[PDB]
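First comes the structure, then the notes that go with it.
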Amino acid sequence: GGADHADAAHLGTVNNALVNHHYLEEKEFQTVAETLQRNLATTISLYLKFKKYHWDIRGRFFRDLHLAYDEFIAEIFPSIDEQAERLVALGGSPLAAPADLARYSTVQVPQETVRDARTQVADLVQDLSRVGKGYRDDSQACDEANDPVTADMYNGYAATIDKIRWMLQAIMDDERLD
Amino acid sequence: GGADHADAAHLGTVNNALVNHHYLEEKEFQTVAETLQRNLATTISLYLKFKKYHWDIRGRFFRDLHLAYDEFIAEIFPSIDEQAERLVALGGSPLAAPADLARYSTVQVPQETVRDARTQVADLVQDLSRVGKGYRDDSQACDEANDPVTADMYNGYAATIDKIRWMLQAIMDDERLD
Amino acid sequence: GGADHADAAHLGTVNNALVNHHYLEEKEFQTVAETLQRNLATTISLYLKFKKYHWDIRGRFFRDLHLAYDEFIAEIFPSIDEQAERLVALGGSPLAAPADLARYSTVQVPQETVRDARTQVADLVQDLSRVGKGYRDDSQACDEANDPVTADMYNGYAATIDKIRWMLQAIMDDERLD
Amino acid sequence: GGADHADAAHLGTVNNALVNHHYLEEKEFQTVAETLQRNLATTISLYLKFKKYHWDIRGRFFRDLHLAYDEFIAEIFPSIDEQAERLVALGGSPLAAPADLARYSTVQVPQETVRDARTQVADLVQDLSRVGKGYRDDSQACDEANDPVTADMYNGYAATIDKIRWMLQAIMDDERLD
Amino acid sequence: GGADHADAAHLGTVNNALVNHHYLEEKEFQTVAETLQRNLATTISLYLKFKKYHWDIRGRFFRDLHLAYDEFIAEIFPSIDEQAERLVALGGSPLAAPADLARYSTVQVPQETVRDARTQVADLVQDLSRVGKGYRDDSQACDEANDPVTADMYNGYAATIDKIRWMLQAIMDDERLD
Amino acid sequence: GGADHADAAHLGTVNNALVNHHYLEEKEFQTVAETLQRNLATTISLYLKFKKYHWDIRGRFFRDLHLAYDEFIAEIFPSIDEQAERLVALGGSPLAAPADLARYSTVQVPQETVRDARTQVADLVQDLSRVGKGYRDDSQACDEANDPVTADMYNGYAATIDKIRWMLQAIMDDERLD
Amino acid sequence: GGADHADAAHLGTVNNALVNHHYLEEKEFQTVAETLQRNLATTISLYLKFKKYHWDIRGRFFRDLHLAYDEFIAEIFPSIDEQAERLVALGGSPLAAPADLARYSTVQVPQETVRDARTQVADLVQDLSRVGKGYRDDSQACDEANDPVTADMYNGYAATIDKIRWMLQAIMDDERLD
Amino acid sequence: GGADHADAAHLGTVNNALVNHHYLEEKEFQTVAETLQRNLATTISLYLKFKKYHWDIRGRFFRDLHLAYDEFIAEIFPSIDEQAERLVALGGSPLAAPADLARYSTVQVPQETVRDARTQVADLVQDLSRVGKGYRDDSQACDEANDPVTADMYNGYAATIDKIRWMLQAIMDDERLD
Amino acid sequence: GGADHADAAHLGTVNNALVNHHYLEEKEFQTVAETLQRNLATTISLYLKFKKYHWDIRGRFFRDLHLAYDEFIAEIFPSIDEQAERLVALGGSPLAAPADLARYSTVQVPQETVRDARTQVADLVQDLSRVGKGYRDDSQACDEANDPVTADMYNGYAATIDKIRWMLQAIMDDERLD
Amino acid sequence: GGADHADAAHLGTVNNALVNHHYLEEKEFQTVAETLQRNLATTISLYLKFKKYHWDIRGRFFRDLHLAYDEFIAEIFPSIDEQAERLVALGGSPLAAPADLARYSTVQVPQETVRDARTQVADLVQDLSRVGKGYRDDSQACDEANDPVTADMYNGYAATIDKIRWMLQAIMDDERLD
Amino acid sequence: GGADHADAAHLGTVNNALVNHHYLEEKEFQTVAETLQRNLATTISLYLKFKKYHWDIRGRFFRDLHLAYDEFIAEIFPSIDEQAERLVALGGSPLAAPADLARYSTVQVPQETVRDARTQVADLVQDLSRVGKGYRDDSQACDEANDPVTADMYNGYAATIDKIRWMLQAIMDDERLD
Ligand SMILES: [Fe+3]
Ligand SMILES: [Fe+3]
Ligand SMILES: [Fe+3]
Ligand SMILES: [Zn+2]
Ligand SMILES: [Zn+2]
Ligand SMILES: [Zn+2]
Ligand SMILES: [Zn+2]
Ligand SMILES: [Zn+2]
Ligand SMILES: [Zn+2]
Ligand SMILES: [Zn+2]
Ligand SMILES: [Zn+2]
Ligand SMILES: [Zn+2]
Ligand SMILES: [Zn+2]
Ligand SMILES: [Zn+2]
């Protein structure tokens, strides 16, 4: 299935003899675990991206954005452990190495210094549009895979992402922001 | 659709060029937004009604009810901002002016001084029966409209309302309460 | 007198036989109670207005104003219960239904979506100028009516309103704010 | 003057050579100090009375009143030290011995066991009517004696007493309370 | 002895070779341990009974009793772990399975729905009379068995139980409570 | 017996039909209740005395003693309610009126202004010597009367009083303190 | 008027077009603003003076005074921002540069090292006598100028200053303090 | 008597003229004070020993024991000041110098590095067996010497020590712990 | 030396006989003390300047800067007492009178009302550049003078100042800020 | 220089005209910035590695290590922002994208599932040995480059890393850990 | 080397095979470890000495010194664990047995009862002069031994000790203190 990279129930290793997918069938785990690993990688990447833009912003919107990004991080950060632990509970092993983040995240972290407010905000709004829709879609997929438990987690994460999206989109809805 | 009064995505105004309904189709937004504006108006109206009855109660059940209403307010109050912000996140604009509260709320706030414990409690129980069922129904409607995120909010609000309903209904289940 | 709408000491109802105006003469109560009901309605209306403008603001001053309005609400909100309870203590019954808010408030809550920073701020500054002067005048009136106790409440509320006024007026004292 | 019992500025004792009435003339101190000693004695007596009624109440309103009296004590208790220290600051010496409490308080503490809810509440409402009016009157007297500072203290204490009065009066406004 | 059911020092099992009765002689342990197991079972049963009556109460004393029972639980709950751990420290093994609770508790948890305030309160007062006297008697027994340490625990638990008893007995000392 | 003034179990009044002495025999209650009423009156009197000396101290030890007395009050104050409630739980009714404090307290509250550090401290040390020994003796008496529960309370109060005694006695063990 | 140095409503500068005196007439602002600027300068100067004496005190009263001065600072410090912001709210601009502090304060900060307890305390008592009377007088002046709001602030500040005065005056009322 | 080393009531020194044994006879003080000085020295020594074993433990039980010892220290540490102050209150002077700790403690602090889990735990269990029995015995001795107050302290300390003993003894009741 | 104005070890005054420079040689103290007095004066002046600019800012960056300055004050304020107390510990006496602040500070507090954001920020950035470099240089000087202790303090203060500098410099790095 | 990848002072971009290296010469910045970017990347990588090992550990040391890793994260996590912000303050731009973490970190985050306690711990101890020595060396380098401020940060981070190293090394110093 | 007594890296024992001196050469460890063991012993001894003097002080400076010593303990106490753990992290084993404290501490704990304020304070000032200089010297030695990390710890401890020294020295700089 589509989550082999995150599946730990079939490993040829020590201290692994009991690992299983609990109440999920194999294909159901594959569906759910693909979502959890992707969203975990995406969340960690949003932390890193919000931090890089918070460190790099300059100009007259510095206080607006520097502080906002830290508030947004505070909202999303607890979901890192929550998503990873859910995956573990279902018989997965979460990936968090840089190369794995890059492969599985739907959000790319900047390698350049972006000083420009509009450039940062527009980039983040595009990211959050994708991530929020992703959580809505992934909630429905999990529920269909007989995992209402993970879906419930995603419903809350989507609400948070959708809120952050609104705020950022509002800031940039302004022709005076160059 | 049935939420035109709450829809902000089509306004002929400034700083509005980016407003949209995110991952909802137009008709889905109409369904969800009608619920959010109604429930927002209802919640604010329940705050005002619990306060007016808390200010006006007299007689030997004063402490019982004066204090209970404040506890109930504390439970429901955070949902005002939550519901309004959800609507905003979906491309709506929440109405909160007195005339709009009166139009869209399913709960009417008293204009008279009601001293009588039974009169207050029976009125509130009828309100909470409607509001709790409303949140259950609205959760199902939102889920059907591809908005499990708003539905999830409503599932928690219904639990709270249903709890308050029980307590009030219990108090008045007594022939010695005139 | 001018506070009949707020006077509960003469009602033909149950559990009301002890209600009186304490140490105030009837005309003194009328003077004081007119102020308390008006200011209560105005305070609740300022809550609703600050919230609607906080929900509706867009553009590059979003963080400035969205956050400021919530801070201002936090400052004024406790006075809702304080003013209502003072009225009750003096033998009044506070009005809080939407229709009563609309009738007695000196502040109107918007029915339209106002995205524009300057429009919001200028409107609020005009409101706060009236409300702050209102509390100063009402303090003097209460003291003259032999109610230094209510006057003392109003002296603190005026200080808060006058502070908020300054901040908002400062933000808009700028030709670069369109 | 009428506060000789509370005046410490003229004592024939040690460590007293600097004691004076600060910015008050002698007659102004006499006016203000009579109020402070009386209200101090009254406040301490209300603590003791609320406690004795809280310890002695029985019957089906036990929770209502037992808990309410403790809440009321919490509201009034800080004024004991505040009133005493104000008197000291003005060159007085506060009296707090039992015999002095009995002489100067406007509230009498019960010597009998009063089990009856109505008896307790009616007694307390009569006390609080007198004490609240007393603080209003004493505020005006202090202001007239060029002590707006003490008056300001009294304005807050009156508000608290008047609130407690309302609540107790409301509880007993009920023919079903025997 | 009379505590064989609670004695763990003589078991034919693993990881038990060091278990002993510390400074108590065997017969002293038997005396003390009979008290600890009984009181543990009784305490857990009072938790369950206070909860069932808190869940089941209806009528006009709902707030009085619903809230009081939770307060009483908060007072007694810490003694569950304390009593169990004391038993363990003395070389016992506490019983907490339903069948063991039923056997050793001096308090029976209702199997029926008791809506009636008086029925609940009278039942609880009879229980608390027995339990409070039980702790006084058990304190004396422990002290006589050279265990002043356990006695000291019981002296505090008795004070708490005796307080709760007073409050409940006071509420029902009223012919108007049917 | 010697506690008739504190005994509420035999009153000809309402809402008193259930009052009893719990697990104490009548003579045991008389012994214990005499101690509780006396110590309650003494504790309240120590509050009032520490406050009067804290308000009245002058000279170069002002900070030492002004602050110490407040710390000592904080230590003893909770025992007021504890002792009163214990008496109530045993079928007594605590006396707290000024005349009753004066009659039953072993500590007299000053009616004069005592500016002198040594005079205050020496007076308090004599009081605390009596009160601490009183609690030790009263603990033994309660234990002998089959009330180890009240004795346990007194053991803690004695420790506190004995600590305060030490500190005050240490301060005055100095020929340079005039 | 007498507050031209503090008046910002007539400046020839940017971002100042809206500045006004709110509900005060020009002469009323002049009266009130002279008081606010003077008291602001005085408060800041008392902070600096309490700190310099706290840093410089030596000898056997070190703990008494070192700690007391910090407590007194904690009491007065919040009034710095409060007084400055009140002035701003009324259309003033507060002065806080060293030269302005020196000009407008009624309290002088020492330039020498004062080790001597009595010298420090006597100096501070003279300062606090002036400052406390100043706040009483300034409260009356503000009320007469139709600014009960500022007067109310001053009534609280006077109470605090008068308390600190008492404590310091008490410490030095002692011939054994050299 | 057997506590001459801890007795301060007979010293030929300054500032000692008031020191006495309060309500204890000389021989009673000797009995009680021998216990307090010994237990003080023992408690301080247990702090030092738990710390040295917490600093020195190595191997696979590092987290178990490193963290447990700190928890145990937190439980016993407050008794250092409590025991010392009790001794002072009774006219003793507590010894805390290294040589005095070594002489009077019943627990020896290691001078060697003990890496081995079993060696540490077995040593501590032997210590805690002695110390817990010591507090039980010392409680009985104090009560017999007419000091129920100190006995009460010891009853609580014994419970704590006996709890720690259980936990440590449980950890080592295992043949797989080498 | 260059710190005679801050040196208290050679004064002809009372209570000064023990004052010395601890482990510093005279010339080392002179070096270190010149830095401490200068930095103390500078820190206090930055408090006053941040406050004056926070009180005086107007225009559309009001929230950005008004709030930022208060945050910056919170970061630097604790160093006032720390630097003064370090000087005292080394045998100095800190100067804090207005005239001394003006003489020794490297930062000048405005005497005019500066409404303009850019003017304020550019002024502060120049100040913070000097102050941050000053702390780095002063750390090296203190370490060379055998005072690594003061140097360590300065290393932390420099980090804070350098952070504030960055933020302010970022805000003004914008041609749209006039 | 060796920090070109982290240097932001020479960028051809917007809102960058003021960026500089503060009090550091160019070569000094290069030295310091190479350390800050490397240590930032290493710290973030240690977060990710501690989390992956905390998510993946299985077997009988699960609680030991799962909980320890979270404690270690809590200790190191604040240094992420601190190190990044220091770099920014010096005219750098921190890199945090996955590819940049991988390039500049001295710690590699696992891509495989490591269940084995010893494998995890030995890997981490090797990492922490390098990182702790790295901070010591980097502190010396920064001090030599005239940046005692950054060195001071590193001195604290080294202490933390060295502590964590000890604990982990202790756990694995055991032949019974396979 | 001079720290053999504190060196654990060469022991012939279990669970010690990995112990080493991290990034320090053997002679560097010897230098640093001699300081850590000495300062650990000294810190623990200052705890014990401050406590013994706090328990033993009598006379009119009782409150001054009793409370001050506890404040000073609170400042120094955390350094006990910090210094011990640093030693452990470097491959040492801290000594804390009484005999080891006595051998390695630079501060002697009294074996006699010292009632006299001046005697206590003068003794402590001599101790703190030595200990503060010791930390300054030891910081320099550690830095020279390539351990800036330990030096940094010592720089903070010296500041604390030097502060306490000042306060105590100030108290005794007074001929009226006998
Ligand atoms: Fe009730
Ligand atoms: Fe902004
Ligand atoms: Fe003193
Ligand atoms: Zn699988
Ligand atoms: Zn639409
Ligand atoms: Zn009327
Ligand atoms: Zn007089
Ligand atoms: Zn057995
Ligand atoms: Zn009786
Ligand atoms: Zn003007
Ligand atoms: Zn003796
Ligand atoms: Zn010098
Ligand atoms: Zn560069
Ligand atoms: Zn070695």
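Hydrogens, waters and symmetry mates are skipped; everything else that's a heavy atom, side chains included, is used. Residue numbers begin at 1 in each chain, while the letters A, B, ... track the order of the sequences.
Annotation for A:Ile161 and A:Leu128: closest pair CG2-O, 3.5 Å, computed over non-hydrogen atoms. Across all their heavy atoms, B:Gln120 and B:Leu65 have their closest contact at OE1-CD1, 4.4 Å. Residues C:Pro148 and C:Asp143 approach most closely at CA-OD1, 3.1 Å, considering heavy atoms. Annotation for G:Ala89 and C:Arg165: closest pair O-NH1, 4.0 Å, computed over non-hydrogen atoms. For A:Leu177 against A:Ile171, the heavy-atom pair with the smallest separation is CD2-O, 4.2 Å. Nearest heavy atom pair, residue B:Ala9 against residue B:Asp7, reads N-OD1, 3.0 Å.
Atom CG in G:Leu90 sits 7.0 Å away from atom CG in G:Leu36 (nearest 0.5 Å). Atom-to-atom distance recorded for C:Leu40:CG and C:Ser79:OG is 8.5 Å, nearest 0.5 angstrom. Distance check, rounded to the nearest 0.5 Å: CG of B:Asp70 to CG of B:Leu67 gives 7.5 Å. In this structure, CD1 in C:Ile44 is found 11.5 Å from CD1 in B:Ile44, a value given to the nearest 0.5 Å. The CG atom of D:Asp152 sits 12.0 Å away from the CE atom of G:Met153 when rounded to the nearest 0.5 Å. Distance check: I:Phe61 CZ to C:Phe61 CZ gives 6.5 Å after rounding to the nearest 0.5 Å.
Side chains of B:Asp56 and C:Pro94 form a contact here, defined as non-hydrogen atoms less than 4.5 Å apart. Looking only at side-chain heavy atoms (C-beta outward), C:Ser93 and C:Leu87 stay at 4.5 Å or farther from each other. The shortest side-chain heavy-atom distance between B:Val109 and C:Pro98 falls under the 4.5 Å cut-off. Taking the side chain as every heavy atom from C-beta outward, C:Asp116 and B:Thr13 never approach each other to under 4.5 Å. Side-chain atoms of C:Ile57 and C:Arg63, non-hydrogen and from C-beta on, never get closer than 4.5 Å to each other. Contact annotation: the side chain of B:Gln111 approaches that of C:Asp100 to within less than 4.5 Å [non-hydrogen atoms, C-beta and beyond]. By the 4.5 Å heavy-atom criterion applied to side chains, B:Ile164 and B:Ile76 are counted as neighbours. Considering only heavy atoms from C-beta on, B:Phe29 stays 4.5 Å or farther from B:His22 through its side chain.
Judged by distance alone, with hydrogens and angles left aside, the side-chain atoms of C:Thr35 form a donor-acceptor pair with the main-chain N or O of C:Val32 at under 3.5 Å. B:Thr42 places a side-chain N or O within 3.5 Å of a backbone atom of B:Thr106 that can act as its donor or acceptor partner. Distance alone, capped at 3.5 Å, is enough to place a donor-acceptor pair between the B:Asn15 side chain and the A:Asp173 backbone. In this structure a side-chain-to-backbone donor-acceptor pair under 3.5 Å is present from B:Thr43 to B:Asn39. Without hydrogens or angle criteria, B:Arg86 side chain to B:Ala33 main chain gives no donor-acceptor distance under 3.5 Å. Using modelled atom types, no side-chain atom of B:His54 and backbone atom of B:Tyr69 make a donor-acceptor pair closer than 3.5 Å.
Side-chain N/O atoms of C:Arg58 and A:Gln169 include a donor and acceptor closer than 3.5 Å. Under the 3.5 Å distance criterion, with hydrogens and angles disregarded, a donor-acceptor pair is assigned to the side chains of C:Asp147 and C:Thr150. No hydrogens or angles considered: a donor-acceptor pair under 3.5 Å links the side chains of C:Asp162 and G:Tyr23. If you check the side chains of G:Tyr154 and G:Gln83, you find no donor sitting under 3.5 Å from an acceptor.
Crowding of C:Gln108 atom CD: a count of heavy atoms from other residues, nucleotides or ligands under 6.0 Å not exceeding 12. No more than 12 heavy atoms of other residues, nucleotides or ligands lie within 6.0 Å of CD in C:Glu112, so this atom counts as exposed by the packing criterion. Few gaps surround CD on B:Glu75; more than 12 heavy atoms of other groups in view lie less than 6.0 Å from it. At most 12 heavy atoms of other shown residues, nucleotides or ligands fall within 6.0 angstrom of atom CZ in B:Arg103.
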Exercise. Given C:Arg118 and C:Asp178, is the side chain to side chain contact (heavy atoms under 4.5 Å, CB included) satisfied, shown in steps?
Worked result: CA-CA 7 Å; C:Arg118 175 177 286 281; C:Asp178 293 304; 5.9 Å; no
Problem set entry | Evaluation steps, side chain to side chain contact (heavy atoms under 4.5 Å, CB included), between B:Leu11 and B:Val19 | CA-CA 9 Å; B:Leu11 295 174; B:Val19 180; over 6 Å; no
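Salt bridge status for C:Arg38 with C:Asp138: present, with a side-chain N to carboxylate O gap under 4.0 Å. The pair B:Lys51-C:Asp81 meets the salt-bridge criterion, since a charged nitrogen lies less than 4.0 angstrom from a carboxylate oxygen. Using a 4.0 Å cut-off between charged nitrogen and carboxylate oxygen, D:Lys163 and C:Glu82 do not count as a salt-bridge pair. We find that C:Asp123 and C:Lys49 are joined by a salt bridge, their nearest charged nitrogen and carboxylate oxygen being less than 4.0 Å apart. By the 4.0 Å N-to-carboxylate-O rule, A:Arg60 lies too far from I:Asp64 to be salt-bridged with it.
Exactly one residue among C:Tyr53, C:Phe72, C:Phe77 makes a ring pair (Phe, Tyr, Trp, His ring centres under 6.0 Å) with C:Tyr47. That residue is C:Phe77.
Centroid-to-centroid, the aromatic rings of I:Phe50 and I:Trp55 stay 6.0 Å apart or farther.
With sequence neighbours left out, C:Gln37 forms a side chain to side chain donor-acceptor pair (under 3.5 Å) with no residue at all.
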